[PDB]
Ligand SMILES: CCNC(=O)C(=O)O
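Given as structure tokens, the chain that follows is alone and in the form deposited without this ligand.
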């Protein structure tokens, strides 16, 4: 053998993965998460799970054919969740696709069925993992995943408002001519139409914007038609109209979150977490609030004093969420 003539083996093969990530569901979103994670040198091994076996092998082989150009050494796939064994993080992009004419409670209840059939095996093979839930509606889905999972709140996280908060701060910095790292601003609460922009806390280069324009973000805003929160929500809705998914953007957001957990950065992300007993919520439910993400999941949450407008939107969101969740 060429190998026997070229290499003298001194130690047994250590083939264990140290930073293994599994992606569940390999449509546009899961695949965007995949290429994003591969390209940012985050995993030793990427495992893909889906029911569409043919397409699944196709994606895995497409990624493998380019292996020299990313640092992950092992890509695997399969319909059987045993390939997910011993993951640090399992990203759930699978989930029901709302058929037009379907009620909201029906869409959620189909997802209970899906999650009931995938979440317990995820936990079986990967008992110390974190679960990152990315499918819509992310907040009530993360609640469903967490309930089925049996795991502490700290290790079941929904992607939530991280993407929209990022786009928000970005546009603020664009309009001001300043890099995004100079801008603080959160969108919190229920992902999507009902999300709450925290205009009271938005600040750039150490200056609370509301001291420059106390009307900023309100109906009295003299530039109200340029409202940046509305630009963020409309944009994603237009993208979904056009494409079907904000798939590149979500994959980018999920790569942001993974980097915080795997590298134990203790960066603050507005992600879906249990908010019972926080922010005036009294029942079990998941909403986005600013969380400190690190190697053990959510290690801390940030307590923010919402103005009365912000508290009102946030609590209305929780109310509608719980009225779905009760059924």
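Numbering follows the first chain given and starts at 1. Whichever C-alpha set is largest while still superposing within 1.5 Å between the two forms counts as the rigid core.
Just so you know, the form solved in complex with this ligand exists too; it's not on screen, but the next bit is about it.
- Contact annotation for residue 98: at least one heavy atom lies within 4.5 Å of this ligand in the bound PDB entry.
- Taking the partner from elsewhere, residue 167 is found to have a heavy atom lying within 4.5 Å of this ligand in the bound PDB entry.
- In the bound PDB entry, at least one heavy atom of residue 236 sits within 4.5 Å of this ligand.
- With a 4.5 Å cutoff on heavy atoms, residue 196 does not count as touching this ligand in the bound PDB entry; it lies far away.
- Comment: this ligand is not present in this chain, but in the bound PDB entry one of 90, 187, 140, 163 has a heavy atom within 4.5 Å of it, namely 163.
- Contact with this ligand in the bound PDB entry, defined as a heavy atom within 4.5 Å, holds for exactly one of 136, 149, 126, 203, namely 136.
- Looking at 82-90, 205-213, 240-248, 173-181, the stretch with residues near this ligand in the bound PDB entry, meaning non-hydrogen atoms within 4.5 angstroms, turns out to be 240-248.
- Taking a 4.5 Å heavy atom cutoff to this ligand in the bound PDB entry, the one contacting residue in 177-216 is 191.
- For the residue set 83, 239, 121, 106, core-aligned C-alpha shifts between the shown form and the other one reach 2 angstroms or more at a single site, 106.
- Core-superposed comparison between the shown form and the other one: the CA of residue 197 stays below a 2 Å shift.
- With the core superposed, residue 97 shows a C-alpha displacement of at least 2 Å between the shown form and the other one.
- In the core-superposed comparison between the shown form and the other one, the C-alpha atom of residue 153 has shifted by less than 2 angstroms.
- Compared with the form shown, the residue 103-residue 247 C-alpha separation decreases in the bound PDB entry, the change being 3 Å or greater.
- An increase of at least 3 Å in the separation of the C-alpha atoms of residue 102 and residue 50 is found in the bound PDB entry, compared with the displayed form.
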